[PDB]
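**Student:** Have a look at the structure that comes next, please.
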Amino acid sequence: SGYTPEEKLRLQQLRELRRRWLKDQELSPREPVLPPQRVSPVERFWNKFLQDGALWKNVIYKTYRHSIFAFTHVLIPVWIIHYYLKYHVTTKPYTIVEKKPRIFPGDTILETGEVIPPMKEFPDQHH
Amino acid sequence: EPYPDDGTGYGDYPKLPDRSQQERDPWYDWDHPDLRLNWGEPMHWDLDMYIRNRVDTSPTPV
Amino acid sequence: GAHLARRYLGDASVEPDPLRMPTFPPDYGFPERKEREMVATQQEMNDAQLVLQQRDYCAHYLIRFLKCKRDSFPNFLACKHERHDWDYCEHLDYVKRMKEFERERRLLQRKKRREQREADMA
Amino acid sequence: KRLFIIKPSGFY
Amino acid sequence: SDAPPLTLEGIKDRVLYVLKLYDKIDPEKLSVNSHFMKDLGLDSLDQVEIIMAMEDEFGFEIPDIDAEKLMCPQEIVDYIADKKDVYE
Amino acid sequence: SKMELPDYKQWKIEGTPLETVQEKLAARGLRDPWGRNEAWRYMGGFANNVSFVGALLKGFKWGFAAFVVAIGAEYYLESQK
Amino acid sequence: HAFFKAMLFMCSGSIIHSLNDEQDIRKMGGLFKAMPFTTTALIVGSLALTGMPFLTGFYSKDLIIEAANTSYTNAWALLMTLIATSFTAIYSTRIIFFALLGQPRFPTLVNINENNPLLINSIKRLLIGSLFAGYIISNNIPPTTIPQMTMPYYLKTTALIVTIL
Amino acid sequence: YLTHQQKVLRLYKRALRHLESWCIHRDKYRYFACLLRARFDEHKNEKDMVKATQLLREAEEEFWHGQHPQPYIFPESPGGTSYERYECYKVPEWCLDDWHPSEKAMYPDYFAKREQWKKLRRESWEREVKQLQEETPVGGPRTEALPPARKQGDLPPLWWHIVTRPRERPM
Amino acid sequence: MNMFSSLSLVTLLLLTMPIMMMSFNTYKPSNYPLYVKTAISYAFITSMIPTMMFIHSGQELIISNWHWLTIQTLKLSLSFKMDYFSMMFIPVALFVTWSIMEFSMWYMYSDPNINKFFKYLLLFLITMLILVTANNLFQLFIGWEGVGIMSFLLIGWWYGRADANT
Amino acid sequence: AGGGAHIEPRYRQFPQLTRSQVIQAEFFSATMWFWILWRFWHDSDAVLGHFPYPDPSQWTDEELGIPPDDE
Amino acid sequence: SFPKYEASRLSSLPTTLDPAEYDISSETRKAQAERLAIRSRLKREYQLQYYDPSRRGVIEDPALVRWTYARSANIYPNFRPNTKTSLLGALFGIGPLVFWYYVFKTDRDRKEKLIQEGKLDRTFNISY
Ligand SMILES: C[C@H](CCC(=O)O)[C@H]1CC[C@H]2[C@@H]3[C@H](O)C[C@@H]4C[C@H](O)CC[C@]4(C)[C@H]3C[C@H](O)[C@]12C
Ligand SMILES: *C(=O)CCCCCCCCCCCCC
C-alpha cells in the first residue's frame, strides 16, 4: 500500500518547492519599510528618560499615564455631566427624582429642626 | 434517476440521495471544501438545505 | 415537613387547612386572650419606608436595626446586637404561627371526638 | 523569524 | 499561541524516539530509511498502531487513506513537516 | 535552540502500575509492546500524585495555624478591653 | 455567581492554552502540581460552586434552599432542586479528577507555563472576590424581606448534606 | 472501492480510539488495547473470503453497538474544537496583485521574489500542459493522481496552488 | 444628589470613550487592549461611589435627562434607574469584566484582530449596562437586543469555522 | 505571550515551576481555610441553626386552649 | 447478536452496516470505475482552467447553472394540474387563509360585544 515510485517522486519534487516557497515568506531586516514617521516631543523625551531601568522613575511614569487618563476620562466628562445635569436637566420638572430619605423615630430634620418623638417603650426581652 | 413524473415541475433533473454534505469525506480534496462539492458535479435539488450549516443526515449512535 | 403524609396518605380533618385557618372562633378555648399589641405606629413605619411584608408586629425592631446601619456607616461588621433583637422577635412570631397551627390541629380532633362519641352512641 | 502575512489590500 | 515551532531535526528525533520505545524493532538496526514491512518485519496491524503512537505524539490525526502509505520513518517526517509547514 | 530529548532508556515500566498490566497480560499469553512509550507519565515529577481529599485539604496545614493564633489572640483582646 | 463562575472559565482557559488547544478532559490530568495557582482557583471556585460554608456561593445558594424547603411550593419542583445540588458536586468533582488528579494524559511535548502576570492577576482578583464577595454583599445590602430562621434541623443543613453525599 | 484489506485496517484504528475513549486511563487502555489486538490476531489470514466477510460484518455490528457516543476527536480534525479555526486568516496570494504600489514599497524584497515565482510559473505552464496531454489515455484521465516531471528543470504539472497554498497558521 | 447623579452617568459615558476614539482620533493599535482595560478599571471605581451612598442612606434616584419621543400620550425618555438592583450589579459586572479584560490580553494576544475583539467586548458591556439601568421597557429592549447581537458576533468570531456560524 | 517567564518545555518531564508561582498558590489556599475556620467559629449558627425549633407535641393544652371534653 | 440499525430520513444507514460495501462483484466494481473515470475527467477540466496563469475571472460551472435554472425557471413548463398539485395547492394555499380568518373574525366579534356591553376592562386604555 506504500507510495508507488512515481507518487513518492512527485511528493519530493513538490516538497522541495514548498520548503523553498515558505522560505521566501520571510522579512528582510529592513522590511517593513516604514515611512518617515515623525515622533512628537513627548514621545522622544520619555524614551530617553526611560532608558535606565530606575524603578523609582517608573512609578512616576505610571502615575503620569494614569494622571492624564484620570483627567481626560474621569474629570472632563464629569464636568460635562455635572454641567449638563445641574443647569439643563435639573431645570425641568421631575427629570431627576430621588426617593425621599428614610426618617426613623427619634431623628432631627435639617429643614425645620423638628424632633420626632423617640418611640414607645419596649417590652424588654433577652436572648 | 429522474424524479417521479408527478407534475410538480421536476422535469429531468437527477434525483440524488438525500445525504447531507456534512456526511461527505472530510479529507478528500474538494474543489469547494466548505460545500464538499466537486466542480462540474450534479448538485442535489436541495443542496442549499443540505449544506453543512443547516441540516445533518449523519448516522447517530442511537 | 413530616405531616404531609398525615395530610395525603392519612386522615384529612386531623390536619388543618392552611388556606382557611383559623377555622374555630378566635376566643373559644382561652380565657379572654389578650389582643396582640404593636409597639410601632403607622406614621412611624410609613416614614421608615419599611416593605409591606415587614409591616408586622416584629417591626419596631427592624426600625432600630436600620438606624444602626445608617448611623454606623461604614461598620458593616457591627450592629449585630440589633440584628438578633429583630431576628429573635421574628423567631417568636413564627412560633405563634405554629402555636396557631397546633391549636387548630387538636381542635379538629376534639371536634372529631365529640362528633364520634355522640354519633357512635346514637 | 517574522514571516509575511498575506492580507487583502488595505489601502482602498 | 506561544507554542514553539517544529524543526526538521526535532521532528526526526521524536519519530525515532517513539519507535525506539517500541518493543518490536531493534534500536540498533532502526534507521530513518528503514522500511516497516520489508526490513523490520512488522505486520500491517502493527503499522496501524505505529500511526496512533505517532499521531498522539504530534497531536493531529492522519487520514487513513494517507495513513496507509507511510512505510518509512523518513516519510513520516515528510508528512508531519509538510502538513505543519516546516521548512528549516 | 535545540531540544535535548532525554535519554530514551530511562523510561522503565518496572516499578509503575503499567507493570501490573504486563503481569495480567502474561497470564493469558499476550504482551503489549508500548508500555515503555507510556512509561514517562507515572515516573519523574508525576509520581505520588495527591488524592481527591488531599487536594481539598491543600493549605489547611498553614490555614489551621492562622486560625488557632487568631482565636486565642482575640480572646486576649476581649479581656483587655 | 458571577464571581466564581467567571473564575472557573478563566482557570479552564489556562489549561486549554497550556495543552495546545485541548479541551477534552480525557487528554488532561496531573496538573495539580504543574499549575498550582491555576489549581488553587480551580478548586476554590469548585468549592464555591458546590456551596461550601462561608464562601461566596454559600451566602446566596444556601439561603435559597432554606427558603425553598420551608415555603409553600411544588413538591416535585422542590425535589429536583435538592437533587440538582447533589448533581452539582458530581460534575464539579469530574473536572478536578480528570484534570488535576491522576496522571498526565496530554501529549509528551507540552508548554505548561502559568506565569504570565496578566493571567495571575486576572485570576487572582476573582479568587479574592470568589472568597469574600458573598460576605461583603450580604452584610451591606439592606434587608427587604422576613428571612426564615426557625425550621426543622433537617431543613437547615439539607443543602450541605446533599452536597457532601 | 476499498478492497477488503483496508476495511479491517480502518476498523482496527477506530476500535482502539473508541476503546481509548472509554478507558481514559492509559494503563487500562494498554491492557485492553492488546486484548482487542488478540481478537484480531485470532482470525488473521484464514483465507475463506466468504467467511472473512462474515467476521468483518459481525465486527462492524459489534463496533457500532459498542462505539463511544462522544469519541475523543483531535482538536484540528473534522469535529474538533479547533477545526477550521484559522480559515478566516488564510488569504490567497492573487490578492497581492491588487495591492497598491505605496504598500508594496513596504516589502521591496518580498515582491522581488514573487516576480521570480510568477515569471517561473508562466514559463513552465506550457510544458505542464504538454506533460499532461502525453501522460494521459485517449479517453481522458481515469485517476486523480498526477505524474511528476520526466526531466530536469521541469516542474511537476499543476503545482502552483499546491505549493503556494496558505500556511496553516498564517497569523 | 449632585454627586450621586453625576458619578452614576460618568460610569456609562466612560465606557463609550474607547469606541468614540476608534474614529482615528488617537491611533494606538498596539495598546488599544490596554486602553480598554484601564477604562473598565476606572469605571469600577466611579461606580462604587454611588453604590456606597446607597449602602449608607438607601438613596435611589431616576435620571430622565433626554426627551426622545412623544407618541400622543406616551412620553419616551432616556431614563436611568439607579436603585438597589442597578447599583449592586454595575460594580460586580465591571469588576468581573475587569478581570476578563486583563485575561483576554494574554489569551487573545496572538489574535490579529484583538482590537476588534476588545471593541466587541466593550460594546457588549455598554449594551448590558443599558439593560440593567433601563427604566422603561423600550430602553430595556435596546439593551435586550444589543447583547443578543453582540453575542452573535462573538460566538461567530472565527467566521471561517462552519460550526461557529451554525 | 507579550510577557511572562521563559520556562522551556520539558520533552517528557514535569514542567518547571517558579518560586512566586507556588508561594502565591499556597497562600490563598491557606487563606481559604482560615476564612472558613474563622467564619465557622463566630457564626456557626447560620450553618447549624439560629434558634431552637419548637416541638409542638411537647406543649400543654393550657397554652393552646384545648378545652376539656366536658364542654 | 446485536439489534440492527433503523435508518430514518434524517439518519442515513452507516456505510459499514450497509450490506453492499462488502460484496464486490465484477460489475459492481466496474461501475465505480466509471464514476471515478468521469469525476476525474471533470477534476482535470477544472484544474486546467484553475491553474492557468492567463485566466482571470470566474470558471463558469455548468452544473451550478443547471441547478438554478431547474429550481426557478424550469418548474412551470413541467407542471401539470392534477389531483396532487391541485389538492396540495388548495390545502397549503387557501387553508391557512381560511383558518386564520375564523380565528381573528371570531376573536374580534367576541371582543366587540364585551365593549358595547361595557364588560371589557379599558380603564387606562387611551393608546390604540
Ligand atoms: C493609563 C494607561 C495604562 C497606564 C499603566 O501602565 O498603568 C495607558 C495605556 C495607553 C494610554 C492611552 C493611549 O495613549 C491613547 C490615548 C492618547 C493619550 O495617551 C491620552 C489618552 C489615551 C486614552 C491614553 C490614556 C493612558 O495614558 C493610557 C490608557
Ligand atoms: C416539608 O415541607 C418537607 C418537604 C420535603 C423537603 C425535605 C426533603 C428532605 C428531607 C430529609 C430528612 C428526612 C427525615 C430523615
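Residue names in the C-alpha cells use chain letters A, B, ... in the order shown, residue numbers from 1 in each chain, and ligand numbers from 1 in the order shown.
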Would you give me, as a count of residues only, the residues of chain G that come within 9 Å of chain E, using only C-alpha atoms?
**Tutor:** 9
**Student:** Within 7 Å of ligand 2 (counting only C-alpha atoms and all ligand atoms), which residues show up? I'd like them as a list in words.
**Tutor:**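 Residues satisfying the distance criterion: residues 1, 2 and 4 of chain C; 69, 70, 75, 154, 155 and 158 of chain G.
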**Student:** Output N, CA, C and O atoms for every residue in the selection just made, as a PDB file, in the first residue's frame.
**Tutor:**
```pdb
ATOM      1  N   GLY C   1     -42.775  19.114  55.246  1.00  0.00           N
ATOM      2  CA  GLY C   1     -42.284  18.652  56.576  1.00  0.00           C
ATOM      3  C   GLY C   1     -42.529  17.177  56.822  1.00  0.00           C
ATOM      4  O   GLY C   1     -42.173  16.334  55.999  1.00  0.00           O
ATOM      5  N   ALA C   2     -43.142  16.865  57.965  1.00  0.00           N
ATOM      6  CA  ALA C   2     -43.403  15.489  58.360  1.00  0.00           C
ATOM      7  C   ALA C   2     -44.883  15.137  58.393  1.00  0.00           C
ATOM      8  O   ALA C   2     -45.214  13.949  58.460  1.00  0.00           O
ATOM      9  N   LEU C   4     -47.064  15.896  55.939  1.00  0.00           N
ATOM     10  CA  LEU C   4     -47.642  15.786  54.605  1.00  0.00           C
ATOM     11  C   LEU C   4     -48.298  14.427  54.408  1.00  0.00           C
ATOM     12  O   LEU C   4     -49.378  14.330  53.814  1.00  0.00           O
TER      13      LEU C   4
ATOM     14  N   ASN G  69     -37.220  25.026  50.806  1.00  0.00           N
ATOM     15  CA  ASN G  69     -37.747  23.905  51.578  1.00  0.00           C
ATOM     16  C   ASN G  69     -38.909  24.337  52.462  1.00  0.00           C
ATOM     17  O   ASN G  69     -39.918  23.630  52.564  1.00  0.00           O
ATOM     18  N   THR G  70     -38.787  25.495  53.109  1.00  0.00           N
ATOM     19  CA  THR G  70     -39.737  25.934  54.122  1.00  0.00           C
ATOM     20  C   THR G  70     -40.781  26.896  53.567  1.00  0.00           C
ATOM     21  O   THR G  70     -41.250  27.783  54.287  1.00  0.00           O
ATOM     22  N   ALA G  75     -44.025  20.246  45.258  1.00  0.00           N
ATOM     23  CA  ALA G  75     -43.189  19.242  45.910  1.00  0.00           C
ATOM     24  C   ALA G  75     -42.168  18.655  44.943  1.00  0.00           C
ATOM     25  O   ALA G  75     -40.986  18.527  45.278  1.00  0.00           O
ATOM     26  N   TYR G 154     -33.503  19.234  59.818  1.00  0.00           N
ATOM     27  CA  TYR G 154     -33.257  18.604  58.529  1.00  0.00           C
ATOM     28  C   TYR G 154     -33.565  19.521  57.351  1.00  0.00           C
ATOM     29  O   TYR G 154     -33.374  19.111  56.202  1.00  0.00           O
ATOM     30  N   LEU G 155     -34.027  20.746  57.604  1.00  0.00           N
ATOM     31  CA  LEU G 155     -34.231  21.736  56.552  1.00  0.00           C
ATOM     32  C   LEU G 155     -33.335  22.954  56.727  1.00  0.00           C
ATOM     33  O   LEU G 155     -33.526  23.956  56.027  1.00  0.00           O
ATOM     34  N   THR G 158     -29.848  20.873  54.874  1.00  0.00           N
ATOM     35  CA  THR G 158     -30.116  19.950  53.778  1.00  0.00           C
ATOM     36  C   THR G 158     -29.188  20.215  52.600  1.00  0.00           C
ATOM     37  O   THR G 158     -28.682  19.276  51.975  1.00  0.00           O
TER      38      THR G 158
END
```
**Student:** Counting only C-alpha atoms, a student should be able to say which residues of chain H come within 12 Å of chain B; what is the right answer, written as a ChimeraX atom specification?
**Tutor:** /H:63-71,77-79,83-84,87,144-145,161-162
**Student:** From segment 64-114 of chain K, collect each residue whose DSSP state is helix (DSSP H, G or I) and return the set as a PyMOL selection string.
**Tutor:** chain K and resi 64-71+76-78+83-114
**Student:** What gap, in Å, lies between atom CA of residue 17 of chain J and atom CA of residue 5 of chain E?
**Tutor:**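 Going from atom CA of residue 17 of chain J over to atom CA of residue 5 of chain E, I get 21.9 Å.
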**Student:** Within 12 Å of ligand 1 (counting only C-alpha atoms and all ligand atoms), which residues show up? I'd like them as a ChimeraX atom specification.
**Tutor:** /A:40,42-43,58-74 /I:14-22,24-42,102
**Student:** Give the residues of chain I that lie within 9 Å of chain C; count only C-alpha atoms, and format the answer as number ranges by chain.
**Tutor:** I: 55-58
**Student:** Go ahead and save the residues from that selection, with N, CA and C atoms, as a tab-separated table (two decimals), in the first residue's frame.
**Tutor:**
```
chain	number	residue	atom	x	y	z
I	55	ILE	N	-25.65	52.18	50.10
I	55	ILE	CA	-25.46	51.33	51.27
I	55	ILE	C	-25.61	52.14	52.55
I	56	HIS	N	-25.34	53.45	52.49
I	56	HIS	CA	-25.37	54.30	53.67
I	56	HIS	C	-26.77	54.84	53.95
I	57	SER	N	-27.32	55.61	53.02
I	57	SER	CA	-28.60	56.28	53.22
I	57	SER	C	-29.74	55.66	52.42
I	58	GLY	N	-29.49	54.57	51.70
I	58	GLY	CA	-30.54	53.99	50.87
I	58	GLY	C	-31.04	54.96	49.82
```
**Student:** Quick one: everything within 10 Å of segment 26-42 of chain F, counting only C-alpha atoms, minus sequence neighbours fewer than 2 positions away in the same chain. Send it as a PyMOL selection string.
**Tutor:** (chain E and resi 17-24+46+49+53) or (chain F and resi 8-24+44-49) or (chain G and resi 30+102-108) or (chain H and resi 26-27+30-35+37-38) or (chain J and resi 12-14)
**Student:** Pick out the chain H residues within 7 Å of chain D. Count only C-alpha atoms. Give them as a compact mmCIF listing (two decimals) with C-alpha atoms, in the first residue's frame.
**Tutor:**
```
# COMPACT_ATOMS: atom_id res chain seq x y z
CA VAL H 91 -5.91 34.84 2.36
CA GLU H 93 -1.91 35.09 -2.93
CA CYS H 95 -4.87 39.34 -3.77
CA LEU H 96 -1.33 40.72 -3.63
CA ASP H 98 -4.34 44.07 -6.18
CA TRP H 99 -2.13 45.80 -3.60
CA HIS H 100 -1.45 49.49 -4.02
CA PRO H 170 -0.92 32.48 8.66
CA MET H 171 -1.26 34.92 11.57
```
**Student:** Pull out every residue of chain A that has at least one atom within 7 Å of chain D, counting only C-alpha atoms, and report them as a PyMOL selection string.
**Tutor:** chain A and resi 25-27
**Student:** Generate a file of the selected residues that holds N, CA, C and O atoms, formatted as a short mmCIF file (atom, residue, chain, number, x, y, z; two decimals), in the first residue's frame.
**Tutor:**
```
data_model
loop_
_atom_site.label_atom_id
_atom_site.label_comp_id
_atom_site.auth_asym_id
_atom_site.auth_seq_id
_atom_site.Cartn_x
_atom_site.Cartn_y
_atom_site.Cartn_z
N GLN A 25 8.79 33.43 2.21
CA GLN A 25 7.84 34.18 3.02
C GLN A 25 8.51 34.67 4.30
O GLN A 25 8.00 34.44 5.39
N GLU A 26 9.65 35.33 4.16
CA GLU A 26 10.40 35.85 5.30
C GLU A 26 10.77 37.30 5.04
O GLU A 26 11.03 37.70 3.90
N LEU A 27 10.81 38.09 6.11
CA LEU A 27 11.04 39.52 6.01
C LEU A 27 12.52 39.83 6.14
O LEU A 27 13.19 39.36 7.06
#
```
**Student:** I'd like the contact shell of residue 70 of chain K - 12 Å cut-off, only C-alpha atoms, skipping same-chain residues fewer than 4 positions apart - returned as a ChimeraX atom specification.
**Tutor:** /B:8-14,42-46 /K:63-66,74-78
**Student:** For the residues in the current selection, export N, CA, C and O atoms as a short mmCIF file (atom, residue, chain, number, x, y, z; two decimals), in the first residue's frame.
**Tutor:**
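Once everything was written out, this is selection.cif:
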```
data_model
loop_
_atom_site.label_atom_id
_atom_site.label_comp_id
_atom_site.auth_asym_id
_atom_site.auth_seq_id
_atom_site.Cartn_x
_atom_site.Cartn_y
_atom_site.Cartn_z
N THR B 8 -45.04 18.02 -10.40
CA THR B 8 -44.61 19.12 -9.54
C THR B 8 -43.46 19.91 -10.14
O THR B 8 -42.73 20.59 -9.40
N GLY B 9 -43.27 19.84 -11.45
CA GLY B 9 -42.25 20.63 -12.12
C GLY B 9 -40.82 20.22 -11.81
O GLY B 9 -39.96 21.10 -11.64
N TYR B 10 -40.55 18.92 -11.74
CA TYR B 10 -39.18 18.46 -11.54
C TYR B 10 -38.45 18.21 -12.85
O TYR B 10 -37.22 18.31 -12.89
N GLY B 11 -39.18 17.90 -13.92
CA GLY B 11 -38.52 17.70 -15.20
C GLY B 11 -37.58 16.52 -15.15
O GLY B 11 -37.83 15.52 -14.47
N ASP B 12 -36.46 16.64 -15.87
CA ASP B 12 -35.45 15.59 -15.94
C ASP B 12 -34.24 15.88 -15.06
O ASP B 12 -33.13 15.48 -15.38
N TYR B 13 -34.44 16.58 -13.95
CA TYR B 13 -33.34 16.85 -13.05
C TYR B 13 -33.03 15.60 -12.23
O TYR B 13 -33.95 15.02 -11.64
N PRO B 14 -31.78 15.15 -12.17
CA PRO B 14 -31.49 13.89 -11.47
C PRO B 14 -31.89 13.95 -10.01
O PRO B 14 -31.78 14.98 -9.35
N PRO B 42 -23.08 17.12 -10.54
CA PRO B 42 -24.50 17.46 -10.44
C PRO B 42 -24.88 17.76 -8.99
O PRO B 42 -24.60 16.97 -8.09
N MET B 43 -25.50 18.92 -8.78
CA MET B 43 -25.87 19.36 -7.45
C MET B 43 -27.23 18.80 -7.06
O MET B 43 -28.13 18.69 -7.89
N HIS B 44 -27.36 18.45 -5.78
CA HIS B 44 -28.64 17.97 -5.27
C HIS B 44 -29.69 19.07 -5.40
O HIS B 44 -29.41 20.25 -5.21
N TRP B 45 -30.92 18.66 -5.73
CA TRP B 45 -32.01 19.62 -5.85
C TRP B 45 -32.14 20.47 -4.60
O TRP B 45 -32.46 21.66 -4.68
N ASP B 46 -31.87 19.89 -3.43
CA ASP B 46 -31.98 20.58 -2.15
C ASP B 46 -30.60 20.84 -1.55
O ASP B 46 -30.41 20.74 -0.34
N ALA K 63 -22.82 22.82 -14.12
CA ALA K 63 -23.64 22.13 -13.14
C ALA K 63 -24.39 23.12 -12.26
O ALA K 63 -25.57 22.92 -11.94
N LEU K 64 -23.72 24.19 -11.84
CA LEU K 64 -24.36 25.19 -10.99
C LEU K 64 -25.49 25.90 -11.73
O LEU K 64 -26.56 26.12 -11.16
N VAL K 65 -25.27 26.26 -12.99
CA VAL K 65 -26.31 26.94 -13.76
C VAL K 65 -27.53 26.03 -13.92
O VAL K 65 -28.67 26.46 -13.74
N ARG K 66 -27.30 24.76 -14.26
CA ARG K 66 -28.41 23.83 -14.40
C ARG K 66 -29.17 23.67 -13.09
O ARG K 66 -30.38 23.42 -13.10
N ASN K 74 -37.49 26.40 -14.73
CA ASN K 74 -37.91 25.19 -15.42
C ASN K 74 -39.03 24.46 -14.70
O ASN K 74 -39.40 23.35 -15.10
N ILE K 75 -39.60 25.06 -13.65
CA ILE K 75 -40.64 24.39 -12.89
C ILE K 75 -41.97 24.45 -13.62
O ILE K 75 -42.60 23.42 -13.87
N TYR K 76 -42.43 25.65 -13.98
CA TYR K 76 -43.75 25.77 -14.58
C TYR K 76 -43.90 24.99 -15.88
O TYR K 76 -44.94 24.33 -16.06
N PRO K 77 -42.94 25.01 -16.82
CA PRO K 77 -43.14 24.23 -18.05
C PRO K 77 -43.29 22.74 -17.81
O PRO K 77 -43.78 22.03 -18.70
N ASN K 78 -42.88 22.25 -16.64
CA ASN K 78 -43.02 20.84 -16.29
C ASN K 78 -44.12 20.62 -15.25
O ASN K 78 -44.09 19.64 -14.51
#
```
